[PDB]
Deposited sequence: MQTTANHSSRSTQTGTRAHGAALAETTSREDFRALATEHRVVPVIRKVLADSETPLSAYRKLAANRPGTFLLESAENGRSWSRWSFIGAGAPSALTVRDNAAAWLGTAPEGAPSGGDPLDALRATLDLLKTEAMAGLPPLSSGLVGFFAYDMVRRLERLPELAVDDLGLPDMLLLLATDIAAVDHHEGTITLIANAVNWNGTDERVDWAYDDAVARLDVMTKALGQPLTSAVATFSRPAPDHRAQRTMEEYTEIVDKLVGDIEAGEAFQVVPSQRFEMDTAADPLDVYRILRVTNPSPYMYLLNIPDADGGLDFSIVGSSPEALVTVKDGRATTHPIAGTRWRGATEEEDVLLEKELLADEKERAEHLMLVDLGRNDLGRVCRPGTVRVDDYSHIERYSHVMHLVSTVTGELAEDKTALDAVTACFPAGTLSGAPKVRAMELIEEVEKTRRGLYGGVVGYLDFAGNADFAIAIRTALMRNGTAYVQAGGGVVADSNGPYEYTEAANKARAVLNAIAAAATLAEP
């Protein structure tokens, strides 16, 4: 009767637009011969301003994957001020402090949750660099900024494809965004969104060449910033501070790099098959001319904070094992510090949540993924009425597991011992939606790919009993998870 792919009607759109800043025009299609990756290849074609977000659950892949089909606009930092790349939307906040411009943007577009939509239907998708913390806390300026990344870059994801693995369907969404709050051009906005659905629908109609492949796992030819001896000097320095009482924990790191001609999407494919995680992402970041500035590809196992319907939640990980029930109780029985970070998170959420709503849940459960298992503690709370999801992000930022405790003192020492500004490393990758929700991964196990070079940073917590060579090795192993994927992706070939 009604067709599966019936598009939101002009009449229904009109009625919503009288009440809502961001109105989705949607169309569902049967896509039972597509995967999230094949849909990405058709809809995004690896273009600048596109994205793919996937999530392993402990039941394999979650129901939904999200493709950003191509954002004409992105909110970033240029010459120390908020700026839009691509189209600067008329009436959208610009200039001045970037966090204020972002806050103003989210306030302007705040839209009531609507029933019948996929979990993410519009939003700002991208990253905060670790160095955004420099705007939340005063920190020295010693490390060299050789990567030149912006403190933030958020794609205005108005064209989204939501892939429903269970149903074998894709819900295409093209949002109308009412920046100025007028009623003047409702029909134009509907026709505009419908045209964008038609572009995505036509893209899905194209044939696709095979990507059925083999790959091998060669050693990555890569360079490191620190030798084992140099990293050992760092670790020993920090163990001194910890013994003298300056901090309880500090997380140093270093950066690794390798030459690669591999496509970022192929790197994503190797990470997906090798290191499936709750936060898989590929982001193609545009430069100011509409070309590709760089790509971010990562498989992060840990969130910073998730905000859903007023509730903020964090899952700091105590420990992890290689995945069988004896590895489990072997981790609950590790009394080897976790709860100092659970303490940091209790404080962090307390600053944005209603009094008494912040609950902790010591070692609440394990999380079994495909090739690993995690022991997590849960901290949740209810956001105050004058606090947004963005406030939750800034309150928690950066992860304590990526800085130390006390956080500010830990970050001061980090700045002292490291060579270069971290850039993305230890920041976050994720989204803020227009309904006030957010989900951000800690930016670890991530490559930054730019003009034939891949950068991979990794580190690890240093305490009083820490050994330099052991910590060097642990951190290099974390980096090698990504470097190995890049090396392997270069070998992809037809079988």
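Unmodelled regions of the deposited sequence, numbered from residue 1: 1-19, 77, 344-349, 363-365.
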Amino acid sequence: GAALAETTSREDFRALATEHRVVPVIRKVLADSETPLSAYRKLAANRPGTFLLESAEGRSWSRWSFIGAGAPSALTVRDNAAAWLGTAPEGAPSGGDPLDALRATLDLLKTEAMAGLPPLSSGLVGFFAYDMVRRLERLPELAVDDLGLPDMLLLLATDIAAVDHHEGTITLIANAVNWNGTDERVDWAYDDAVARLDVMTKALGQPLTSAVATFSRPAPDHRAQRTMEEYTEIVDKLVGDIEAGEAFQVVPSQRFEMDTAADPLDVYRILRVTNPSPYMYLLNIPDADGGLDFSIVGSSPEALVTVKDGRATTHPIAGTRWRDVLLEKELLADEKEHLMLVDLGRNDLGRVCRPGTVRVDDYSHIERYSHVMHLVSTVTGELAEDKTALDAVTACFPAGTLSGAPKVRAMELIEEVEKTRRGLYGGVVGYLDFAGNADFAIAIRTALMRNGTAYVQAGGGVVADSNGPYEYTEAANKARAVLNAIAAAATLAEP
From here on, numbers count along this sequence of modelled residues.
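When the mean C-alpha temperature factors of 371-379 and 419-427 are read from the deposited coordinates, 371-379 comes out higher. A summary of the deposited B-factors shows that, of 313-321 and 82-90, the stretch with the larger mean C-alpha value is 313-321. The entry assigns its greatest Cα B factor, within the set 159, 184, 97, 221, to 184. For the set 301, 72, 404, 291, the PDB entry puts the maximum C-alpha B factor at 404. Per the deposited record, the Cα B-factor of residue 272 falls in the lowest third when ranked against the other modelled residues of its chain. The PDB entry assigns residue 437 a C-alpha temperature factor belonging to the middle third of its chain's modelled residues. Annotation for residue 59: CA B-factor lies in the highest third of the chain's modelled residues. The PDB entry assigns residue 118 a C-alpha temperature factor belonging to the middle third of its chain's modelled residues. Among the modelled residues of its chain, residue 198 has a C-alpha B-factor that falls in the lowest third, as given in the PDB entry.
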